[PDB]
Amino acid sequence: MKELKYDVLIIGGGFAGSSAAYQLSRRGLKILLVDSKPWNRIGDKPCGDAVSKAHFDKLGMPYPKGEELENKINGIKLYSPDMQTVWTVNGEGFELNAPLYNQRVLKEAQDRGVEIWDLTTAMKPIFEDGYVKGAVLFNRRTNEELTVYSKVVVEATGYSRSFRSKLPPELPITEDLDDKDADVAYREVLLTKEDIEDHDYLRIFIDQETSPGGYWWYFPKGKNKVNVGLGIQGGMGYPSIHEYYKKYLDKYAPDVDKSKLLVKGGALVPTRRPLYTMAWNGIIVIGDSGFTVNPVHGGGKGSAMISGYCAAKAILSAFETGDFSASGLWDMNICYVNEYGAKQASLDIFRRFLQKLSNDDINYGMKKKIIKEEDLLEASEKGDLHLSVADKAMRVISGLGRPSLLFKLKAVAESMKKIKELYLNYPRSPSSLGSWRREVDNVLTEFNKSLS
């Protein structure tokens, strides 16, 4: 078959891959990005479509504008299971037309010299002399099977991890997802019969009964249009997510016009610390494929962008040292762990605690303001549940006279602090990965057993 040579091959053009392509562009490298979807569909994986302004500001990424921005967001209303307590957390964000925004990023990368092939699937890794060296591609548009050699593959295939999963199982880069370390999530976008009240606020409903291990949401995309959905924890033996959706839609969105459903669909959402390494010989993994999603709230588009930025920085470094080994690309890990990954680890711990609380516990915690709105935001945005905050909460939790997981909150805050420090001491070279990964697994297993 035809053979071509590129500096970098990016597989997948979602928020992650498009960010890597945009960040890598005009820097002296010959870059190809492929995606299985046609151009007009790239970026259309089911999603709530809500992204913090802070993630854009973190990277100085351009804001969505015009048709890309469906609705400006000014905060979130968090509802207790019993619906009796509502927290308002202020904070700026965007309700996107994700395909339009994603497609703009790709088009700008393309304008800056990135080559893009839509309707093109990476089918088989080229793995030779112990390195990823490219991919066999199938271009549906030309009916051509092609070999593309690359010094670095950026694996951005989303939740399918379709390319890295084909590599030798020996490689750290083939790390799999445990069923309990992901949610399945499902959403619909519908027009509403009435104008949406406070249409600039997202609504999140916590209820361990109607969305076990996740939550329900109501994300307005305009005055009369809403993205409504839920996520539930995987690996727990729960019934189909669409059963919960059908049963409880009316509770959360009594105002939707079912005759005006616009889109619907679901997908897997990783909810854990990132891949232990996001780099190996000839390859970096980003976005959902590298488990970059916030484990507490399930937001992954901002972290996908961050991972793409770190991949760009790492790759430029590798070309400046002629070194495409894991060691040569290792800055990917250092960059990502400092920007988001250490936070994700702390939040992976926090999520495990939250998923085991009862509705009674959550009703109590929210009613009693055991932590403040701002503290919960700090946990989300920084991965930090300060020990002083945990101490204050424990003083309130001390007044409860029934058994409750809430009594472990200080212990949870301590483990969150420990794992965060462990991640910020990420190994400086691959020869220390094993030792460190064992320390992390030990922290996690200890923590898991401390919750019973």
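All residue numbers refer to positions in the sequence shown, first residue = 1.
Mean C-alpha B-factor is higher over 70-78 than over the other stretch, the pair under comparison being 70-78 and 338-346. Relative to one another, 130-138 and 189-197 have unequal mean CA B-factors, and 189-197 is the one with the higher figure. The residue among 373, 181, 115, 320 whose C-alpha atom has the highest B-factor in the PDB entry is 373. Among 31, 59, 47, 419, the highest C-alpha B-factor in the deposited entry belongs to 59. Residue-level temperature factors show residue 18 in the lowest third of its chain, judged at the C-alpha atom.
Sorting the modelled residues of the chain by their CA temperature factor places residue 24 in the middle third.
Residue 216 sits in the lowest third of its chain by CA B factor, as recorded in the PDB entry.
Sort the chain's modelled residues by C-alpha temperature factor and residue 401 lands in the middle third, per the entry.
Sort the chain's modelled residues by C-alpha temperature factor and residue 83 lands in the highest third, per the entry.
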